[PDB]
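Chemist: I would like the atomic coordinates for the input below:
(chains A, B, C, D, E, F, G and H, ligands or ions: 5)
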Amino acid sequence: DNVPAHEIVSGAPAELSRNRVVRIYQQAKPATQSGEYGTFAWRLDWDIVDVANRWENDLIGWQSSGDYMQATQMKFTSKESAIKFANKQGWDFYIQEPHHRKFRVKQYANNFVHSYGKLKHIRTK
Amino acid sequence: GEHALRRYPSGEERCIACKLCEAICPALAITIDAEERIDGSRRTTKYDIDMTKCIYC
Amino acid sequence: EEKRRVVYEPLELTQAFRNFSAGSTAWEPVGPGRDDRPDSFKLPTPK
Amino acid sequence: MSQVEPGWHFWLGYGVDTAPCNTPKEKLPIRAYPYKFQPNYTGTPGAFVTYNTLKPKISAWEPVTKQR
Amino acid sequence: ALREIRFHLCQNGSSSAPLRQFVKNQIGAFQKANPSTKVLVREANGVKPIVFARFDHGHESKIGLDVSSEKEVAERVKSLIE
Amino acid sequence: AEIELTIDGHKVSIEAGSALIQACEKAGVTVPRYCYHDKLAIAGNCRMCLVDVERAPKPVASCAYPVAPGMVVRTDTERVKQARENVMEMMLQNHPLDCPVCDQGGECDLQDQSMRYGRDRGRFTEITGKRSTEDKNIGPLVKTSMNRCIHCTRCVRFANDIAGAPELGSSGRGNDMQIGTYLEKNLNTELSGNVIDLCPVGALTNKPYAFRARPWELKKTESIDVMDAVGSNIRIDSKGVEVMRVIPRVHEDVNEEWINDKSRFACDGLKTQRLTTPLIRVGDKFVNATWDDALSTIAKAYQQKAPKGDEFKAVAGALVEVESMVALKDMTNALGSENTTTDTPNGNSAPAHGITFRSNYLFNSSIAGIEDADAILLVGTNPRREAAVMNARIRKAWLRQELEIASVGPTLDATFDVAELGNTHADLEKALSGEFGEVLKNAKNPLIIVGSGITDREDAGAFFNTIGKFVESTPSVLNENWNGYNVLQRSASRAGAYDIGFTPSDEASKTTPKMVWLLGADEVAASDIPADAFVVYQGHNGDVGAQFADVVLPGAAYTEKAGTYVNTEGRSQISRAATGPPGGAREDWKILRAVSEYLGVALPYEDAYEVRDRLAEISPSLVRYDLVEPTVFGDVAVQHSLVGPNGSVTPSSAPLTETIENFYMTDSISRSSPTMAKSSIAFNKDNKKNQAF
Amino acid sequence: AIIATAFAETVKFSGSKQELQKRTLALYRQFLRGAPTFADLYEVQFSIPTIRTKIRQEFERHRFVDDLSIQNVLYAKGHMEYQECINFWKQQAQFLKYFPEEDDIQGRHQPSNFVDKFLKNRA
Amino acid sequence: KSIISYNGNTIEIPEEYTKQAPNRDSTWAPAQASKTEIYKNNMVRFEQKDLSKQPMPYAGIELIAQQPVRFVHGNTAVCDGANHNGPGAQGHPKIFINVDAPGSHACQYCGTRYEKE
Ligand code: SF4
Ligand code: SF4
Ligand code: SF4
Ligand code: FES
Ligand SMILES: [Zn+2]
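Modeler: Numbers count the residues shown, from 1 in each chain, chains lettered A, B, ... in the order given. Ligands and ions are numbered 1, 2, ... in the order given. Now the structure:
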């Protein structure tokens, strides 16, 4: 199922496959934009490490880091491919299943439906 | 050659922290921070260039 | 200095790599294009 | 070479034809501050000391006790 | 137990049916029998019926409740409580 | 039923009556737009979405053209492209040249679609110049630069329809049409922060976040909000060591695409008043100290105090995660104590609704269940404050179908018409035996909403008894296809606490503790702590709880650790750490594990996977994430917990009061935020900026 | 033409495990034989028995790898390393990477249980 | 003048070098570190160093605050900050400022203040 340690032929540090957890997901539809072009690929990136994520240099005020994977992120065409890759490397992962908008029928004419009782609210346009 | 930040004739800075310079820099030399100045202007509170990363492009 | 030789150590950066690829476009940029296939290499349509 | 005033530095490099003293008033920068020329101070106590212009990102709590 | 009992069981599973019955019928009887113990029933689809008892100073014990009858569930529980 | 049509040669099948743009979206064809949005009424004023349909002579608005059988749609005709260019040309004519200074820049739809569909250059060079627009002050949360408004009316549509705040609207006519209030009035609603996301251009912008970053330099992390108990899904944008902003991400079964203003703007409380080093009280002052020194001081206080059994009390606050609660409860049990209390009033005693079955303290109808409601009775609860997005959900349900809402409890300002049946338990008896009880009996999908504020009353037994009797009688309220009984928690951690049995024992409530351990626990008063008690505080911000302590330990905040939170639905959700804890702060369950080792009761787990294993041991539904499964014990639970043991309780004559006095400041984080402080004093009822008349 | 260099072996993936173990043992013998040459070349402080011990540990690390292709790759990389060492292509700096234990004690505090790891934020 | 350090010892700094700028005493942005704090945190690197040589440029906030308000007839003031003497485009992008509201309205790029009269 999962490649153990020390028969990975990549040469990466053992710590990568021992005490690091990656996460696989699809990017969420950004709330700020209506475009959806970034949401189809399956990203893979590493969960952060507490001590080594980022600190502030005491000279010019920069963001120092000891985590060599903080900037790395792979793109895959499909969830199964990402799973296969992570398994072949021996990475512990978690899958975050995507959420989608539930379909509902929208009619422009619905803005002008006659109301037989009291108006619940004044639509304004 | 070396870098310098300019002013308007009135002496107000010209940099408005738009951070395009930060985004284009091929050596990632530039580090910028910003926030609303007390008079409401959009200005930088930190603008660093690492002259040992810069490629003077 | 203690060992008098060039030693290898885990990576530690003074400034961390800032990946600005997060700002990729949210709109498909180019589209489908057009096909330049010669007519002698496209399957025929019946009738 | 750092002691050459700016503007003369450009003239001496064949940047411009007309020397700074011969340039019209229109093509002179307007300044709202006093102009001061300072050469390269490296190797002296006047060398530039860099620093972070921002206070720390996260501000710690000022401890205060209350009585039960 | 003295202090805590926990019931794990599937909602739709067939192997949990005696557990569902034991809970549904004698959960009140069990509670009144042990008025100081705290009883929890927690359900999830993939899990196999198990029970956990917590006696004192954090000591806990568990038995599997893959059982045929509501009776047999009851004696498994009683054997845990002892 | 579902009808058929062709879009750009493809074959797409869609429900009849849907808009053409829904069909295009389903068929994988991209259509530009501005004014259209999935959660808002259809407007059709931007004219960006034009397409050609063979029947129509002229191009048609895709967001508002209903689909019909056999329709043929082309989104790629030369006429369509020329149309998009023309529309963009006209859109940008008066748009200000503000991109370097606009906060939207880099994530602006006007930019992206001008770049994708507009012309490379412009034709408008008029010596008279462009139009300009006054700026309008609508409160301390949403900064306005109205030159950039493209008049999409998303802000108006949302403020009117979704949040029920009708002060926003469009005044004037033609070129001088201005979005605003026509006079100085705040956009006063707890959902106001969402017009920031809805406005496609930078006209409406986050004010506390203004000018602080650009989208391309932000690290985006998907996590879980903990301000309320709804469990909204959010995206945390951070650069380096500090968190910049919080924006919603879609989860159609929890918050839809919205979050309330507290969840959005209390992020600024995470970078001030923080706890960074252990503190030890010496005299009347705290002194900084090392982790070893702190923990050894706790151990020495434990050996000197010598607590027996329930003399070691543990209190859990509104914000803590499940793993930390589990650690704390296990350690306290291993000390021989059962005094694992919650922070709420009367939290020294066990809750009146019981703990045995989950359906006793959850939103048994899912949050999505509100969509089906035909009648709702609110008992001692104000959802507008306790769960804002759920209030919006109830509002949407009420607008689009007939629905009867009545409430018992304080007179509440609601976004929907409610019937007030009284402020008292006697009024509840009258109602449940009266006309609204009859309405519930007849209803097809009824649901009864009980506030968590009632559980905190001493007479909670009487209310739970009355409600349980009514439920056990009426089959519509509780049958095998629909559970209408619902408890609405307000704190993100109450559901998880009840799930693990973080409930005091009967004999524990009698004892007077000699040592108290506050985990969060910032609702504590002077009264609930004995003077002689040795108090340990563990948290992330400096608040009253830390003021009460003898030793303070810094713990991580919800943005700095990957924890489990259980919302009102009983849904178990996992968060992700955006940044690392500041200073010398630590992960909470690690803190508990280490202190337990100093106490000689060393916990059996020292690794996150072992923590998840212990969680699976406590309950199997903590490890199943994003899953809701109904209870098979619906009928048993009501009888065994609500009507059974609550017979003896005597109802008081005290009227029901509001659970939370101030919506904006309810937590340590929220009380540490300058923005919430400013918002609270800006959005006060007695301020004319928030009146209308 | 471009001819191979000293101690170069053409890349060949063994079709059978046994034919691979023959080569593997040959390579191990070559490493053991070369140990004194390595000790002379790289001016090491430590002893030849320690070189040989290190080699044995390196060969031990993959003693239970099953799939044949992975064994082929490991053998090829091991030979590339041997050729790198024996031809003095490597310098002392890269050679001593193999030998992290013979450097002195790095400090007083190398945490082992949860409390010492926790005190240093490495728990 | 006298800043106490984290050590508990005293650091003496001339008054002129505690000012944030030659023309302004106090900070002009919440996140901006004051000179007092700069010295308190970096005093090791400031030893035996001559402060009068350090850059100390003028604070532009006051310089723009000294510029008089421009009065305009209509409802919109147009500003581009151009240099009428030199060639090319040397200003900032041309924007239009609405002045119907009471008081002065600042150019978003250059800070020049306009008012309707
Ligand atoms: S942030 Fe950079 S690009 Fe933008 S105005 Fe300032 S110096 Fe120029
Ligand atoms: S709203 Fe968009 S197009 Fe307009 S100035 Fe801002 S970033 Fe540019
Ligand atoms: S302010 Fe934004 S959302 Fe409102 S009309 Fe203008 S562009 Fe549309
Ligand atoms: S999106 Fe259809 S006309 Fe605006
Ligand atoms: Zn200007």
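Chemist: Ramachandran coordinates for whichever residue of chain D sits closest to ligand 3?
Modeler: Nearest residue of chain D to ligand 3 (Cβ to the nearest ligand atom) works out as residue D:57 at 31.3 Å. Using the backbone N, CA and C atoms, a C-beta is placed for each residue, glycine as well. Residue D:57 adopts backbone torsions of phi -60, psi -40, taken as degrees, to the nearest 10.
Chemist: right, and it touches residue F:270 too?
Modeler: No - contact between residue D:57 and residue F:270 fails when scored by Cβ atoms under 8 Å: they sit 10.5 Å apart.
Chemist: Between these two, which is the more surrounded one?
Modeler: residue F:270 (22 against 18; other Cβ atoms under 10 Å in any protein chain shown).
Chemist: The more buried one falls within a helix, correct?
Modeler: Yes - Residue F:270 sits within a helix when classified using DSSP: H, G, I helix; E, B strand; the rest coil.
Chemist: If you drop the residues flanking it in sequence, what lies closest to it?
Modeler: Leaving out its chain neighbours, the residue that sits closest to residue F:270 by Cβ to Cβ, 6 or more residues apart in numbering or on different chains is residue F:557, at 5.5 Å.
Chemist: I'd say the one you found and residue F:563 touch.
Modeler: No - with contacts defined as Cβ under 8 Å, residue F:557 does not count as touching residue F:563, sitting 10.4 Å away.
Chemist: what number of residues lie near the residue lying closest to residue D:8 once chain neighbours are set aside?
Modeler: Computed as Cβ to Cβ, 6+ apart, the closest residue to residue D:8 that is not its neighbour in sequence is residue D:20, at 5.8 Å. Look at residue D:20: counted by other Cβ under 10 Å, it has 14 neighbours.
Chemist: for stretch E:45-59, how far is the first residue from the last?
Modeler: Start to finish, the residues bounding stretch E:45-59 are 27 Å apart (Cα to Cα, to the nearest Å).
Chemist: Check which residues of that stretch are buried.
Modeler: E:47, E:49-54, E:58 (16 or more other Cβ atoms under 10 Å in any protein chain shown).
Chemist: Could you do stretch E:67-82 as well?
Modeler: Buried-residue list, stretch E:67-82, by 16+ other Cβ under 10 Å: E:67, E:70, E:73-74, E:76-77, E:80-81.
Chemist: Leaving out sequence neighbours, find the closest residue to the residue of chain B found nearest chain F.
Modeler: With Cβ to the nearest Cβ, the shortest gap between chain B and chain F falls at residue B:18, namely 3.4 Å. Excluding its sequence neighbours, the residue lying closest to residue B:18 (Cβ to Cβ, 6+ apart) is residue F:100, at 3.4 Å.
Chemist: Now the one you found: which helix or strand?
Modeler: Assessed by DSSP states H and E, residue F:100 sits outside every helix and strand.
Chemist: Kindly report the same for residue C:17.
Modeler: Per DSSP H and E, there is no helix or strand for residue C:17.
Chemist: Neighbours of it, how many?
Modeler: 12.
Chemist: can you check residue B:34 too?
Modeler: Residue B:34, neighbours per other Cβ under 10 Å, totals 23.
Chemist: ditto for the one 4 residues further on
Modeler: Close neighbours of residue B:38, defined as other Cβ under 10 Å, add up to 13.
Chemist: Is it part of a helix or strand, or is it coil?
Modeler: coil.
Chemist: shouldn't it be in contact with residue H:26?
Modeler: No - counting by Cβ under 8 Å, residue B:38 sits too far from residue H:26 to count as a contact (9.2 Å).
Chemist: Up against chain D, what does chain H have?
Modeler: H:23, H:31-34, H:37-38, H:41-42, H:45-46, H:48-50, H:52-55, H:57-58, H:63, H:66, H:85-86 (Cβ under 8 Å from any Cβ of the partner chain).
Chemist: again, 7 Å this time
Modeler: Residues of chain H lying close to chain D by Cβ under 7 Å from any Cβ of the partner chain are H:31-33, H:37-38, H:42, H:45-46, H:48-50, H:53-54, H:58, H:63, H:85-86.
Chemist: Can I get the buried part of these as one ChimeraX selection?
Modeler: ChimeraX command restricting these to the buried ones, with burial defined by 16+ other Cβ under 10 Å:
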select /H:31,32,33,37,38,42,46,54,58,63
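Chemist: how about the residues of chain H that lie near ligand 5?
Modeler: H:79, H:81, H:107, H:109-110 (Cβ under 5 Å from the ion).
Chemist: Wait, residue E:70 touches residue E:22, no?
Modeler: Yes - if you go by Cβ atoms under 7 Å, residue E:70 and residue E:22 touch, sitting 5.0 Å apart.
Chemist: Apart from its neighbours in sequence, what residue is nearest residue 65?
Modeler: If you meant another chain, say so; for now it's chain A. Residue A:65's closest residue in space is residue C:16 (Cβ to Cβ, 6+ apart), at 3.5 Å.
Chemist: I was thinking of chain F, sorry if that wasn't clear
Modeler: Per Cβ to Cβ, 6+ apart, closest to residue F:65 is residue F:20, 4.5 Å.
Chemist: If we ignore the residues flanking it in sequence, what's nearest residue 35?
Modeler: Defaulting to chain A. residue C:26 (3.3 Å).
Chemist: Please refer instead to chain H.
Modeler: residue H:18 (5.1 Å).
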